[PDB]
Every structure is written in C-alpha cells, then in structure tokens.
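In what follows, a single structure is set out as structure tokens and then discussed.
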Amino acid sequence: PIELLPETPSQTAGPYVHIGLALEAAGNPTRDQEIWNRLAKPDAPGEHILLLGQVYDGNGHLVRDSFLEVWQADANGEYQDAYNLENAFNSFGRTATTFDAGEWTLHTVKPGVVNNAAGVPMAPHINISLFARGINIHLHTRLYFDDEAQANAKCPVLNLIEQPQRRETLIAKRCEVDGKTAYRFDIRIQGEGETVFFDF
Amino acid sequence: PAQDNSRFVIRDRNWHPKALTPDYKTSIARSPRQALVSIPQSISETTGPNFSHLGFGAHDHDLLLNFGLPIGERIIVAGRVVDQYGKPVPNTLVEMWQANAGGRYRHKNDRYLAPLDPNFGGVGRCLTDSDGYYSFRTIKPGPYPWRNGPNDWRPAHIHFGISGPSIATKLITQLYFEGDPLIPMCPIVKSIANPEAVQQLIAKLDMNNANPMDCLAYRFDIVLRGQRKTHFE
Amino acid sequence: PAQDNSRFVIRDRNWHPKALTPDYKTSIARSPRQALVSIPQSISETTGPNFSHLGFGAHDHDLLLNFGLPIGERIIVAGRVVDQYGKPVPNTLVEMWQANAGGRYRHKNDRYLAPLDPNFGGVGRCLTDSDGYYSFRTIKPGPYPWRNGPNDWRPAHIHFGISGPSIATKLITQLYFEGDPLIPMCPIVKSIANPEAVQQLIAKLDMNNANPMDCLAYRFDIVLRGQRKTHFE
Amino acid sequence: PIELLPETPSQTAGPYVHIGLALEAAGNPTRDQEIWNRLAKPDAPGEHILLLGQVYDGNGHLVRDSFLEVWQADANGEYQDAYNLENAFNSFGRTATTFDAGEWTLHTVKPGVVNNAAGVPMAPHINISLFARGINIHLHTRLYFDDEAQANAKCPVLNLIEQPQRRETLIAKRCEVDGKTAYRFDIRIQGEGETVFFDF
Amino acid sequence: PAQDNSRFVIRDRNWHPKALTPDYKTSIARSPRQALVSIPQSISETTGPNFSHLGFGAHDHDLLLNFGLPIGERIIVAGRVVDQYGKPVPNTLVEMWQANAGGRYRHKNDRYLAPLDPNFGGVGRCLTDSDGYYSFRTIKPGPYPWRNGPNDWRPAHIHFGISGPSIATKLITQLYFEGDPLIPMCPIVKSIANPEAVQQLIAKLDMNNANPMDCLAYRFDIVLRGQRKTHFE
Amino acid sequence: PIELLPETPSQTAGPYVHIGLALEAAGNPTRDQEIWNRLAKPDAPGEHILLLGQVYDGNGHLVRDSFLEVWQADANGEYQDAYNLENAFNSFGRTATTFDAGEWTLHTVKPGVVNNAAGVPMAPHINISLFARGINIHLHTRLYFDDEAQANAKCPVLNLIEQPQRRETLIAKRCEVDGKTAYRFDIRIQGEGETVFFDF
Amino acid sequence: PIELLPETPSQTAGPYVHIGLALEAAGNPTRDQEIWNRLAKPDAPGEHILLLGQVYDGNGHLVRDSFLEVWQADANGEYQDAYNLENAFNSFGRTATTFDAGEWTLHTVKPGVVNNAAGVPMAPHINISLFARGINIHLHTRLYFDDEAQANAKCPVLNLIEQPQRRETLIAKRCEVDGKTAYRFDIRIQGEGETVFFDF
C-alpha cells in the first residue's frame, strides 16, 4: 500500500502549559495581543452567553491544570477564520481551569446552524479540544445546548452515538450567572457519565 | 468565512501515544475508558483560525530578549512545517515554552530548587513563512525531576504547539535533543510505542545553521496531517 | 443418547484472540472483567449435536443457485475439517454466510450504499463427508467499510461456523483471501496476537480444484480441538 | 514438549450472524429445515417450560444482536445428540435477541440430573454459548434453576465458583408467562453482577 | 502546426516484453521475424495529437455513472503521468477499459458465462491536469479464463492507453492489483522478463485517497519516455 | 552510467480493445465525440483519398481484431496537433479491422512533404501504429504511395532499409473505389513479404 | 497458492523405443502376449477398416523411428478398457513406422460416437499419441474421417480450432487397399500443413 510521511507524534502539554498558552494563568506578564476567552465584543450580533464548566478525572476529582481550545460558527452559522482582536467576533478562543475552583469560563454568542458535508444541518454546537498533564493526545468533544432539543434530535453527528444515554453527555445545561444566560458543560474524562470524545 | 474544501488524512492512533500508559501515572485517571466515536469530516472539523493578523511583537520569537542575557547554552531552534504529502504549511502559528538552563520553569506551581533566571521567561511564538519555516532563539533547557516513580527525570525538552490549517491538524508535542541519555528512560517518551515515532521528536544538531563564536543550532521539522481536496463525495 | 467417552485438548487462549482488544471498539464494553472459571470436562461438555439427519436442500451449499446468476467472481471454497491430532471430522456441520460482490449484506441493518444483488442471498451449509471434506460454490465477497476508526475496511471474508463432535469443539471464525492487502490493517484480524495464528485464517488459491473456463477455487482447512480417549481417570 | 496442530483461531460472529444462523431474524426466507428455539414438541415427556432473557454490556445497555446456542439433557437426564425435526425433543437449540426488545426465548423441558466425570450429580442445568459482534471468542455459561436450591447447594460445578455471591449470577428466576412456567435468565457480560463464564 | 523541438529517450526493448513469448500462444504468429529497422527521430515521430479541445462528457471518467449502480467493489483509480525525467505530462489523454465484477466484458465476442451487469459499460477517459494527475471512479474487475493453456486465468486488470506528447510516447498497458495471487501465473504478465518491470504494473492500495464508508482507492503512476531538447544537432 | 526512471512496460491491447478505443466496433453506444477514421471533411484542401487494407498473421490468416492509429501531415505538409471535430482536417485518426471482412478503411487526404531533422525531404507518408491481441508492444510502420516513385527513391527513411525488396512492403497500391482514388495497404506481420517495422 | 507433488518429467523415447514397446520392430523375439496393431478380431462388430500413414519432420523428411499409441471407442461408441487378447475388440493399440518405408498400419473398426462432458456428441475419432527420438514430450492428436463431413462440422473439439484450414489436417482421406476400406492419415510435425496437436 501507499504510505505518506508519518505525522509528528503528540505529547502531553504537561502541567506548565499555561506559561506558553495562558500567560495570565501561569501568573506571568502578558504580551500586547493574547488569544483568550472572550470570543465576542459586546457589540456582536447574536445571543450573548456565558459558558462555564469543570473537568473531572476517573476518581471524580477536579482536573485543575486543564487547557481548552474552542472553535465555533458565529450567530449566522459562519466560521470566521481571520483571527483579529479588532473583530467584534472571533470563531476561536482559549480558556483554562482555575488552580483553585477548577472552573473555566468563556464569553461568546450561541452559534448559528451549519450543514455537514452531505448538506444536512447540524445542531448548534461548539467544538472543544482538551489538553492537560496526563493526556498524551488531546481530546475532541462537542458542546450542544439543552434548549435546542428539536435540532439536537436531528443532528447527523449526535445520531452517530449508538447509545442515547451517551448523547446526553454532550448537552450543556442552561442556567443564569448574575442573571445572565449561561450554560454549564462539565466534562467527565473517565468513568460514570464519561463524556463522548470523537475521532475525525 | 471558512469553507469546507479539504479532507485530512486520518490519524494513526497506533503511531501517536495511547491514552492509557500506566508508567506515566497521571494517565491512569485521565484517560477515557470508552472508545472514541469516529465522525465524518465537516466544515466544523476541516476549518480553523488563521493567525496572519495577530499583532506579534519584535522579539516574540527571541527568548534571549523577550523577558541582561539569560545564563545558558545559546541556541537557535529552527525547522519547517509540512503536511504528510510534503507540502509546506505557510503562515501557521508555532508556540513554544520551556524551563531555564537549570530545569526551573517560570510558573507558580514549579517548586524545583534550581533557581529562576532573572533574564529568562521561557515563552516564544513565530508565524511560519511562505516556505513553512520558523525559528526561535533561546537557551537549551536543563532536565528536571518530577514526582512519577521515585527517581524520574524529564530529558531536556521544549514544548511545541502548532495550529496548522484546521482544528483537525492542531498539535501539541515536545522536542528532545540529539544524544540525551535520559530519552530512552522517560515514561512520557515511552508513552510512544514505535521507536521510529520517537526519532521524529529528536532535534538534530545543525552546525550549518549555527552562528560562529555565538550560538549553536538545532533542526526540528514538524509534519502535520496531509491535506487533500475532496473527490467524488 | 450421547456418551462421555472423550476428552478434548485444552484451548490455547493466547493463540485465539483475547476478549479485550481495544482497537476493535465494540470489544471494550463486551468483554468480561472477571477471569473465566475453569471446570473439568463432563458429559455436558464433551457431547454435542450430530446433524447427519438434518434435511439438507439440494443447493444448500451452492450460493450460485440457492437464492439469474449473481454477479461476481465465481469460486469454489473447499477444504477439510480435522482435529489437532490430524484426524478427520466426518459428518460435521459447516455453515457459512458472506456479503455480495460489492460488500453488501442481505440483512436489514446493512445500510452500505453498495446495491443488493437480486440473485444473491449469501448463506450456505454443508455436512462434511466421510473424509472430513466440504465444499461450497459462491462468488468472492467484496471488502466493506464499518464504523470503527474513521476509515476502517474489513478485508473480503466469509463467515464460518463449525460444530465438530461436541459443544467443546464448536467454533465460529472468518476466512480471508490470499494476498488481500487489507488483512494486516484490520483491527479484527489484529485481535489475534500471533501472526502465525493469522496465517491459519488465509484461504489459498487452488488452481488444481478450479473448473477451467468456469470458476476458480480456494482451499480452507479447519482444525478443531484434538479428541482423545479418557485414561486412568 | 509435544505440540499438536494448533486449533483454527476464533473470530467474532459479527453483526450479521443472523443471515447465516437465524434466517428468520435476519428477516430472510428460511429453508425447509432450520435449527431453532423449540427443543420440545408439546408431546415431549417432562415439565414444559419457557426460558427468556436479556443480554447487557458493561455500560448496562442491551445487546440486541446476540446469538445463543443451548445444550441440555432430556427429562431423564439424557443427552440426545441425534438431531431430528421429527424428534419430540432435541437437546440442541438456537435463539437470538430481538433487534427491538432485546430478549431471546426458548421452548423446552426441564433437564434431568447428570453426573460429572467422578460420578457426582450436577444440579439440572442448561449449557449456553453466547456469540455477538464485539465478542472475539464465544462465552460459555450455565443456566441453573431457583426451584432446585437443594440440588444447587451440592453442584460440584457451582461449588467450583470461589465466591458464593457469584454463583447467584447463574440462577434463573422462576415466574409464569400466560400461566406457563417460565424462568428469566439475564446475562451481564461485564461489570456489576457480571455473569460467571467458564473455560473447559 | 506542431514543430520538431524535442527528442525522446530511446526505448529499452529488454525492459518491455519481447515480441515472441511462446507461453502467450497468440504471439507466436503475430510477432515479426525480421529485426525492427531503427530510424532517427523526425517531426513525424516527435509530434502527436493534443486532446485539450476534445468535448468530454461530464461522467467520461466515472464508470459508476457513465453507462442503477453497478454491483462490485467501489474504487477510485488515480495516479500521475510523468516522463523519465520525472516531469509531469499535463493535458494528456488517458483511456481505459475493463470487465465487470465477474470478469465479463461488454463485447460481442465475450462468451464467458458470468453475466453482464445492466448498469455497467466498462469504458472511461480522462485528460490529465496541469500537474499530470488523472482519476477514474469504477468497480474492481474480476479475473477471467481464456483459451491459452487448459487452465489460464488473467489476473484482475484494467487496460490503459496513454497518448503523451507524441506518437513516440503513446503506450498501451495493463494495471494489476496489489497482492493478486494470479499475477505470477500469467503468461501475458510473464511476457515481461524483468520482475522489477512487473512491479511497475501493480496498482497499490491507497487508504489516504479512499472515501470512508464509500470506496477504496488504488494509486497507479505512469512513466512515459523522457523528453529532452535537441542539442548540437 | 546515469539511469532515469524506467518507462512503464507495454502490454497487449487484448481482444477487447474495441470497447475502449473503437466503441462502434465493440458494438456499444458511442459518446458525443469519438476519435475515428475520417481525418478530412469534404471541404478540406488537398486530394481526397480512401485508404484500406487487411492484416495478416504468420500463417497468412486475417487478423480480425486489429486496432490502428494514424498520424500524418495535411496537404501542405503540416502537422495539425490541436485535435478538434470542428476541424476540416485532423492529422490523427483511428481505425480497426472488421470482425468479418477484416478490412480497415480511412478517409483522408494525401499528405504534403516534410523534412527530416537534417532538412532533407521525406516522401509523402502516413505514420502507422498497429495494436492487437498477440502483440505485446505495438508495431510502427509507414505507408508510402506507389504514384510517388520519384520522391520515394530519394526518401532518407526509405533508404535506411538495407534491402530494396523490403522497401516495397511499404508502398500502397493506387486503385479506385466507386471511382474514388484509393490505395490498398496490406500488413503482413510475419513471414513471406513481412512488412518493415521501425524502432525510434 | 496450493502446490501438489510435481509430476515426473517427460524424456524422449529415444531411437531404441522398439526394443521395449515394439519388439518385432526392434527385431527381437516377442513374448507370449504383446500389445500391437490389431484392435479387432475379424468377428468384431462394426465397419472393419485399415489405417495407414507416414510421419514427416520439419524438413519434409520421413520419421522412420516413430512409435504410436491409439485409443478409440468401439462401433457402439464405447470405450473398452479391460485390455484382453481374447476380446474381439480392444480400444487400445500400438503401432510404429518402418525403418524402411516409414509407414504404420492399424487394423480396427470405425469408432461409434461419444459425447463431450457437456453432453454434445463429438465426430467419430481416434485419439493418437506420438513418440520418437527428438520428441521430448509426446504429441497428442485426433484422427477424423473424410466421409463424416456432417458430423465433423458439428464437432465441439474440431470447432475449437480457430482457423478452419488447420482443422483439415485432422481428416483422414479414405481409400482402399486390396479392395479393403482404408483411411490414410499423414502427420506433419512441423512446417507447411503442420498437424494440429492438443493439450489436455
């Protein structure tokens, strides 16, 4: 058969990932421009929301050194790839868990709908990548919204999960933080209620 | 906006380290027990951020100046980013972090007894050029002990983060130095089952790229998943 | 009724695939976590059904006629069933099933886009002769994709079920075809640790048994657990 | 040492086993004679019973594609190996789980007592072999009856199971179905209350 | 009109199959007995048709659609056309023909007993791109018997015709499939004396170009005679 | 010495070549545009002629499955490489032998004169390539005209042929078909009167 | 692929074949029972005929050291395999060519018709095997009769020969010797009018 060059192997980000990718978190001075957790400026079209979560290990303990990367369409279901701090909305963001509480936060807008390769609409979702010491290769997941039951029930992706109980692991719970629309998306890496992780 | 016009070569999960690699203790409790669910590539996965417009500082890539001079082995770390087909990956984001010459990181959580270097931070970033080349200027990091087995030591390494053209290609890895006797003893390096895969992580001494009477150089090329156009889809 | 006069050689569980073979995704949740309990052989385990009196149809073993002519490479699949001692296993039940020329199965749950073949069913049964020989006439099945990794393909294969003399010898396996490049990449094939074990599942092209200007032939011999008389029990 | 020819390696039956071994269930036309789930004709001597169960995976989810084979003595505790559709009772049968409900059923008679190699009586039992996609090599188990407590207590086989709590996994629960004597036998492949499986 | 501005590397007639190869019976009476007469290259020989302006149908290269769906193994056959100097041959004519899944050709003279496929013709054509690339979508053909020796079977193959820049480069050949056990037994394949030459005719399984859950892919690169500029003529 | 990549080895066109390169002859429906046996339209300049011939094996038996390719200059002795059905004249054409009669025919014009590399004129000629089952690598030849004896005698190519008698094998005999100027060109692959074949 | 034990390789019978298989011809005393050229006793049913011929090499010269074996059905189209000198008819015989004249003779009856495997009748024929010095592996052929044109035309075997001209090489020309019904069958090993030889 045909073999291409092999991809460079992954390695864990380790516990100090923050010094390279979350300066403030590492407790070091930041540079002029940093990629952080504010995807949208107040003046951005769409329904402004707050996302928050906690990460758990197989023992039910908080993973306080986690690093997350998000990818999402804008309110119009469009991916804005030209990253710029001047933008009112950026499709890409970064966040991490507090060494204290162990909770991450993100300020964005609820994504619009996008079609899969076969033209079928996928429910509004956020693409997440998780990194941490103990994780050799980062973990892929999706965050869906509980108030999108209808769309959710029809998602070509959610429907690839054999066991329905498993799909529930990808649904964020609508809440309010300081009377502001929020969604809670906890990730369980291992064990009871373990979150579905994808390969693509 | 971004468009779904590409497909990425499927990852070889037997090439990369597995999730559960018991000798690396923390992996025990931090690895899923359920199998990953495979999904078809869509715009969601085949697109990603372009960093062309991020405002980089003049010494973003120069660890000798970006934080007096740091104490340690002055070296240049350079190489090229290509895909599996051998095509260059232009204007891509390369980020790196490391410890000082004594193996001490500039991070709250680092309590190793080797002191911090007053003229060293340990962070760099560089956007690749038209030919997929990047370069950094820094000091060679020292190895460092860690609580794994009773006498575990990380070989000297630089942490790397590469964006590539999509979230599908994004990667985090570590660079090791040619000849480091600690390499073959590392549980983390050992997370990788193929010795051939290990070799790919080793930067080679590059005398041709060195600055005489100044600094040495290491060559480190990175290969990202192959990008191809869709066909008969 | 059946008599407890025999003993069957203990199975080699390092030869056969293990229960937990992570690359074969479905095995994760379907493999026992407790060790198997060994029990001494009794009449319960050393006896089993005799199908000599089953009423076999005239084309039970001819997939070309038993469902127009199907489309595909016309082949004869024949061999011998013997025990570990090299003793033939006469009048034993051999059942087989497979997909069509395009890798499509005639089963409700098969949604693969390769079309059904109006003249192809894909089921056969044969009672071995006095010498332990069986034969089937069918078409060579096509490989097919399956939701395991993002780009997994089973090699072309025929499913087999052999009864033998007791429930202790009963086995289900899969025959692969000589030279198929998909073999070495299959997570199911790889459920087997010893490559020598793998070889046993490969049917060899048999020009000698072919019908010139008509059909090719493949040879597949099956070895069941050795049967011995009880002694000093 | 002495080494014989090695046994042909097992492979999973796969998801489509039904086409080859459970035609009716594959939803395909059957042949004149099929090996199915009716071991005894109404005129068969012994206590006529109905067996039923579900198969669960390590997640506690129904295994809807399982294939099962049974072997048991007649009411006199005799093994009838001459398979014939004419016979009033056959010692061998096949069943499978509904793609829907996920339950298999068997129509038979309660087996009589059989002695082990050493001449000690075993409690009435039914030998079972389980096959399914995900199962590399089939699982062997035994179904015992809850109304044979006295016999169960003395089974040399059941007594080989080190932990008493595990022996219980093998005991079918007597009930009635349409005023008919039935026993329910659920199989847990992995995890909590995992069923004992044998090697012989 | 065309112009004499190129020279083509001379053909190695010991690399190519010879005219008389007696195991391939029909060659006995269809092979010249006199030597070929060598002549210098002129405009007559260094020029040829350019097919850039031929009107190709939209499915000219998709055998799945150009004749219901055909029954058989869905595959993509792709590769690149280059000269001996390794230079791509852009906008060149690639034509192909083959049998159906059963080894049956849609031709008056084919009386093989395997049935024809109602949705399959077996002809494709494709103009190479700017980089010398071509692709075809089809189904894997089956081997077939032929009246040579009493039990001869052609391995599965696709016939190919390549124009190239001149009549000097025009070539007809056959692609064989990786691992086919029939290959070594073929008298036609054996018309080639060098085993290394036979390897050039084998298409390789290309998982990287396959469409997951849809179809597999084979890679087949073609090398035409090297084209150079005239010098000191 | 220096070695380049080896050229892909030739293989016989086989008995079914027609399906791929002579659709009509395979007796299959044709596509919109086909490369066939009519190089010149009625309004093409030059003298319109008919070419026909038979192909013989070493036994003097007709080769009924042959496939031929022709390359020639227009009446002005110019090579027209941009192939187009709209053209009045195409320099390139295809033909094949009847499964029955085993005779091929071509509709074209008498080619003008071209100079060889040394600047010497060649007699009017048609470049031919013969393909068929039994032929591992295609045979190259040239068609000259009997009514061009003067030119022929001076042909730098014809003159490379050592024996004069062999030269005669390359000369088509002028005739008339339906009062149309026709030339007959028989090819004898092997034996007595074996046609000259070239290497270049 | 599967490989069986290889067949013992053939070697030429050599010039002295006669001493072993044609004693009279070697000019040595014969044994009680010899296998020779008289297949039928006068009293055998069927049309008694005389067969004769010559064998020629590639130079058109007589091969005077040939050895032939024949196999044919009886007048009823039946193969009489139990060879016995007592039988009125034997299906097998042997002959050779005179070191002088170079001609062989056989005394038999016209064979009845037999069907090929497909159930199609073949024209009356005699299977022949030829041996001699210079022949590494014996040549197989069939003798057919000129006076069975109808049958000959329909023979599935004769019909397998591509060129009709070649089929004629297999037809014996009927004549009469001493007013006896005879057929002459000459074999041309090589060259002009080379006899068809089979592989089976």
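Order of writing sets the chain letters: A, B, C, D, E, F and G. Residues in each chain are counted from 1.
By our rule, a contact is a pair of C-beta atoms (placed from the backbone, for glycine too) under 8 Å apart; a residue touches a chain by one contact, two chains touch by 3 or more.
Just one of A-E, E-G or A-B has an interface built like that of C-D, with over half of its contact pairs in common by residue number: A-B. Between A-E and E-G, more C-beta contact pairs join the chains of A-E.
For this pair, chain B with chain D, the centres built from the Cα atoms lie 55 Å apart. Centre-to-centre spacing of chain D and chain G amounts to 69 Å, using the average Cα coordinate of each chain.
Between the CA-based centres of chain B and chain E the separation comes to 45 Å, rounded to the whole angstrom.
Chain F has its Cα centroid 22 Å from the Cα centroid of chain E. The set of chain E residues that touch two or more partner chains comprises 147, 150, 178, 181, 185, 205, 207-209, 212-214. Residues of chain G in contact with at least two other chains: 1. On chain C, the positions that touch chain B within their shared complex are 22-23, 25-26, 28-29, 147-151. Chain contact summary for the complex, chain A toward chain C: residues 1, 160, 199-200.
Those residues of chain E lying in contact with chain F across their complex are 1-2, 4, 9, 11-13, 15-19, 21, 24, 26-34, 36-45, 47-57, 60, 82, 84-86, 95-97, 105-110, 121-123, 159, 161-162, 167-168, 170-174, 188, 191-192, 196-198, 200-201, 222-226, 230, 233.
Partner chain B is touched in their complex by these residues of chain E: 62, 76, 135, 137, 207-209, 211-215.
Those residues of chain E that touch chain G in the shared complex are 147, 149-150, 181, 185.
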